[PDB]
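Report on the structure given below.
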Number of protein chains: 4
Amino acid sequence: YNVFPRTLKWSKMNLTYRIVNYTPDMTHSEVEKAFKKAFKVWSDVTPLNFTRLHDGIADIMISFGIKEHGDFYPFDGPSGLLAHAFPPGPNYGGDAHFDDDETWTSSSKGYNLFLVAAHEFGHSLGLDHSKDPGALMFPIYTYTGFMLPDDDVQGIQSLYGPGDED
Amino acid sequence: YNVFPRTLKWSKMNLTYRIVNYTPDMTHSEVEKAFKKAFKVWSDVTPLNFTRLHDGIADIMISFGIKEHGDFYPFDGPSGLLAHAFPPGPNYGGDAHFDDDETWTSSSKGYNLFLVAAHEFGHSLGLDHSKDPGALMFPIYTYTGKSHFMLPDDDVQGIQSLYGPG
Amino acid sequence: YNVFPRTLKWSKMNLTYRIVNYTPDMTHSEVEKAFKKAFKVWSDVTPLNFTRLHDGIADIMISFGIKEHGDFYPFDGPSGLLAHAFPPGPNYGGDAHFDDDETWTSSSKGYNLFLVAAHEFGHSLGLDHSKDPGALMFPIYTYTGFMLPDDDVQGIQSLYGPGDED
Amino acid sequence: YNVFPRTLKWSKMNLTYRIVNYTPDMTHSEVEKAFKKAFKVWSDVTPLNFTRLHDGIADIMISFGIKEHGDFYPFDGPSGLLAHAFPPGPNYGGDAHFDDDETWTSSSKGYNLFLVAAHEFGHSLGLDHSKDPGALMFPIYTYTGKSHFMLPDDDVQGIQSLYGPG
Ligand SMILES: CC(C)CCN([C@@H](C(=O)NO)C(C)C)S(=O)(=O)c1ccc2ccccc2c1
Ligand SMILES: CC(C)CCN([C@@H](C(=O)NO)C(C)C)S(=O)(=O)c1ccc2ccccc2c1
Ligand SMILES: CC(C)CCN([C@@H](C(=O)NO)C(C)C)S(=O)(=O)c1ccc2ccccc2c1
Ligand SMILES: CC(C)CCN([C@@H](C(=O)NO)C(C)C)S(=O)(=O)c1ccc2ccccc2c1
Ligand SMILES: [Ca+2]
Ligand SMILES: [Ca+2]
Ligand SMILES: [Ca+2]
Ligand SMILES: [Ca+2]
Ligand SMILES: [Ca+2]
Ligand SMILES: [Ca+2]
Ligand SMILES: [Ca+2]
Ligand SMILES: [Ca+2]
Ligand SMILES: [Ca+2]
Ligand SMILES: [Ca+2]
Ligand SMILES: [Ca+2]
Ligand SMILES: [Ca+2]
Ligand SMILES: [Ca+2]
Ligand SMILES: [Ca+2]
Ligand SMILES: [Zn+2]
Ligand SMILES: [Zn+2]
Ligand SMILES: [Zn+2]
Ligand SMILES: [Zn+2]
Ligand SMILES: [Zn+2]
Ligand SMILES: [Zn+2]
Ligand SMILES: [Zn+2]
Ligand SMILES: [Zn+2]
């Protein structure tokens with residue numbers, strides 16, 4: 001027999017993601033680089049591995065949308081809600097949605113896609129928000145021009161372990 | 001930091017259920033009998049007890065539906081997905097949904113509602129799938145042809161690991 | 001070439017319906033009789049014909065549900081919203097949903113399924129609400145213990161014609 | 001009584017569009033060029049003009065999406081449904097959605113975005129499907145292999161029946 005796990009977490013270390021569509025705001029290459037770096041934040045401190053799929057169903061489906069986009073969490077135009085992601089699970093579990101009524105960037109202007117995506121993928125992997133104001137998972141955006149804070153390291157390792165500590 | 005903790009078991013032994021709607025495929029009394037027997041599989045071997053409510057909110061809300069039916073885990077027409085249930089917890093926790101594009105039966109012409117529901121309620125109570133091919137919680141449907149059902153030992157051990165014996 | 005029609009209406013006279021699931025409140029036969037009579041209200045004054053399908057995709061998919069049930073119009077528990085239906089069109093177009101937190105009846109008590117369904121199927125066929133307080137499509141429920149009012153006759157015939165006037 | 005009247009044409013000749021997001025399959029500039037050319041098919045033969053907006057609400061909102069994407073007209077994975085568009089009117093009226101489980105191309109390897117979009121925008125402007133197999137508005141996709149596209153006479157006549165000649 002099997003009882004359920006104690007937390008929402010992926011039961012496998014090899015996870016896939018797919019960039020379903022792209023923002024007008026950045027080139028395809030810049031978006032890809034941002035998401036690759038954002039996953040690396042987490043793979044650098046766990047045994048997780050992330051691979052990109054170009055098509056089909058990936059664990060973590062990433063998309064840009066506005067207003068109603070296929071779930072119970074419609075976006076709200078400029079400002080306000082920026083992005084959301086579902087905890088580990090089937091179907092929409094893991095998926096990350098970005099509000100394209102925001103301006104996404106690879107700079108200090110607008111919202112830096114890398115930084116916001118790194119937070120979103122924390123949710124995709126099983127972290128909720130933190131009360132540590134220095135944490136990546138603290139739900140207030142501050143631009144930094146990157147080292148994963150220790151609160152986030154401790155949280156993600158509580159779920160997956162550290163992987164190679166080197 | 002925070003994770004998304006799972007409720008590993010119901011913290012009360014007296015649970016309620018409600019049959020929100022009914023399949024075209026069986027009479028009301030047939031459906032009621034199937035679900036009553038499916039709960040009894042589990043209450044017979046633990047301290048759990050189940051009470052039916054006719055109105056309002058119950059711990060285990062049971063419904064029949066097709067395609068997209070309110071949780072963004074859509075069903076898929078005949079065959080494939082049969083049913084799904086949520087693990088213990090508030091709101092959708094415990095609830096069980098049956099794909100009415102299947103043919104539900106009190107016998108063998110289609111999927112036996114009692115047997116499928118008994119498996120679903122295992123999930124509602126905290127059991128994941130078993131790897132024992134003879135277990136109720138094994139995720140391949142078979143039918144013995146016999147008028148009596150005996151809960152396999154693997155399932156007895158699993159549910160008693162959570163709730164103890166009756 | 002073809003431009004679109006001037007109103008939302010079915011472009012065919014042979015329409016199908018499917019009772020996807022059933023209320024706890026009434027027997028299957030009573031529900032079927034109510035819906036058959038409710039369609040007859042409209043077929044008696046137009047060239048429309050209604051046939052019931054037991055499975056598969058019908059034009060008018062009828063279901064009973066509560067709270068979130070797969071669209072943008074969640075139900076609201078007892079009282080308040082009773083039912084809604086979509087105007088003619090593909091997919092959910094035509095479909096009729098009944099809130100099973102109401103008590104549906106074949107009497108003067110609760111909400112008479114026949115009477116409410118007859119109004120809902122007016123929507124399914126292309127009528128919005130009327131300002132004639134005597135109309136079936138007036139959106140306030142009154143029990144009657146049936147003759148389709150003339151405002152509704154005029155409205156439905158404006159879309160489909162009268163069929164056989166005998 | 002009231003029916004659900006359709007808007008048979010836009011009542012202004014100056015329309016706006018917005019490309020809300022972008023397919024992985026083509027560069028931003030390729031997508032922009034395809035949509036610009038698709039609008040020009042129609043503006044070249046009528047008094048219509050089209051202006052691109054980068055932010056906010058536009059008459060014709062264009063997006064790429066997969067599966068359930070916010071309107072309960074879900075896409076279906078590769079092949080089958082390609083795209084859909086809403087007829088003239090407020091809110092979703094005019095908007096066009098492209099299934100990104102298709103491969104969109106500037107050429108012939110997949111579905112040519114320009115050609116499919118030109119058909120979609122015919123719907124956005126008030127045209128239904130043609131029965132002429134040589135029409136742009138005929139709902140079977142073919143590709144000529146030629147570098148130039150000429151709007152067929154059937155489509156010219158259809159769109160000019162609504163808006164007149166340019
Ligand atoms: C008031 C708070 C709870 C609302 C948070 N927002 C949402 C959030 O935490 N998304 O992950 C929440 C409504 C689910 S947010 O859209 O403002 C947001 C999104 C991504 C972020 C990434 C880094 C830093 C802050 C962020 C804030
Ligand atoms: C590929 C497998 C894991 C998919 C299982 N299926 C679902 C399930 O285990 N539901 O409890 C799974 C997608 C969550 S199933 O719908 O095929 C199903 C449902 C009830 C069953 C009851 C008894 C026996 C088999 C069953 C199979
Ligand atoms: C305040 C009004 C507009 C809300 C109407 N209601 C809804 C309606 O007209 N459904 O057809 C409306 C929210 C779309 S209702 O649920 O109260 C309702 C439903 C069926 C009915 C059938 C016969 C008579 C009245 C009815 C009222
Ligand atoms: C069975 C048919 C009516 C389904 C049409 N399809 C849809 C359509 O006509 N969209 O404009 C229909 C379901 C609303 S389609 O997705 O196969 C499609 C879409 C764009 C097209 C553009 C050019 C040529 C063909 C096309 C076919
Ligand atoms: Ca690692
Ligand atoms: Ca926003
Ligand atoms: Ca997912
Ligand atoms: Ca943007
Ligand atoms: Ca199924
Ligand atoms: Ca529940
Ligand atoms: Ca069925
Ligand atoms: Ca008739
Ligand atoms: Ca209600
Ligand atoms: Ca329908
Ligand atoms: Ca009821
Ligand atoms: Ca498709
Ligand atoms: Ca629009
Ligand atoms: Ca694509
Ligand atoms: Zn979302
Ligand atoms: Zn967050
Ligand atoms: Zn469900
Ligand atoms: Zn299962
Ligand atoms: Zn509904
Ligand atoms: Zn109404
Ligand atoms: Zn759409
Ligand atoms: Zn079309």
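These residue numbers are counts, starting from 1, taken along the chain as shown.
Using N, Cα and C of the backbone, Cβ positions are placed for all residues, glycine too.
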Checking Swiss-Prot, the member of C:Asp25, C:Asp166 that binds Ca(2+) 1 with C:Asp100, C:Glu102 is C:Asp25
Of C:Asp55, C:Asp59, C:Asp128, the one that Swiss-Prot places in the same Ca(2+) 2 site as C:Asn91, C:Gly93, C:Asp95 is C:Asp59
N-linked glycosylation site per Swiss-Prot, picking from C:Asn14, C:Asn21, lands on C:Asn14
Near chain B at Cβ under 8 Å, of the listed binding-site residues C:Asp25, C:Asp59, C:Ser79, C:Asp95, C:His97, C:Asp99, we get none
Expressed in Å to no decimal places, the gap between the Cα atoms of C:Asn14 (N-linked glycosylation site) and C:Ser79 (Ca(2+) 3 binding site) is 34
Secondary structure split (DSSP) over the region 'Interaction with TIMP2' (C:73-143) reads 13 helix, 12 strand, 46 coil
The binding-site residues listed are C:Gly77, C:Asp95, C:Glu102; by CA-CA distance, the one closest to C:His84 (Zn(2+) 1 binding site) is C:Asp95
Looking only at the binding-site residues C:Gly77, C:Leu81, C:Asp99, C:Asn91 (Ca(2+) 2 binding site) has its closest CA neighbour at C:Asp99
Distance in Å, whole number, Cα C:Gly145 to Cα C:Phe146 over 3 unmodelled residues, equals 7
